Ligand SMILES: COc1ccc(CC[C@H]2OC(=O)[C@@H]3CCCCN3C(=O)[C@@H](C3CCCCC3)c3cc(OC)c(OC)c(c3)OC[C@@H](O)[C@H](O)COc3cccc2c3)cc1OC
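Before any questions on binding or motion, here is one chain by itself as structure tokens, the form deposited without the named molecule.
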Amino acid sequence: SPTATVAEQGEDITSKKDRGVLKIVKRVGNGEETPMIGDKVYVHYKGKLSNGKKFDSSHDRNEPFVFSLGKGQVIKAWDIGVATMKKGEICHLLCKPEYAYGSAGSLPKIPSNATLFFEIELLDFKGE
């Protein structure tokens, strides 16, 4: 029941300590460095709804997903969560709607006020 470990044991990585983003490390990464605001990051990811249905994956595009950290190119939960990861790390994030798609959701797959599950692998990152 893949969501269970993060939902029950996840670390609250939010500043407000509102349990809005919970994290578990599934595979430890290498080194000391975490990516910083402005860095280019390369990830694989998968997202599932609270009902278990997979809604998005970088693997369906057959390429890593690339974005600039902290620029709001991704949901809040990822700008926060990816900034806590080391290179090669795989984590799970459990994200409340305030850190994802909020009351509106996202047509056609993400309902109003959705709590979402992600698995994210940080493949690489490069200075800003």
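Note that residue numbering begins at 1 and tracks the sequence as displayed.
Taking only CA atoms, the mean B-factor in the PDB entry is higher for 12-20 than for the other of 12-20 and 110-118. When the two stretches 23-31 and 44-52 are set side by side, the higher mean Cα temperature factor goes to 23-31. The entry assigns its greatest Cα B factor, within the set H92, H59, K76, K71, to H59. When the modelled residues of the chain are ordered by their C-alpha B factor, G38 lands in the middle third. Ranked against the other modelled residues of its chain, the C-alpha B-factor of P97 as given in the entry falls in the lowest third.
Although not depicted, the form solved in complex with the named molecule is the subject of the following passage.
Among heavy atoms of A100, some come within 4.5 Å of the named molecule in the bound PDB entry. Though the partner is left out of this view, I24 does not reach within 4.5 Å of the named molecule in the bound PDB entry, counting heavy atoms only. Heavy atoms of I90 never reach within 4.5 Å of the named molecule in the bound PDB entry, leaving it off the interface. Contact check for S106: a non-hydrogen atom falls within 4.5 Å of the named molecule in the bound PDB entry. Counting a residue when any of its non-hydrogen atoms is within 4.5 Å of the named molecule in the bound PDB entry, the hits in 48-67 run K48, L49, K54, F55, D56, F65.
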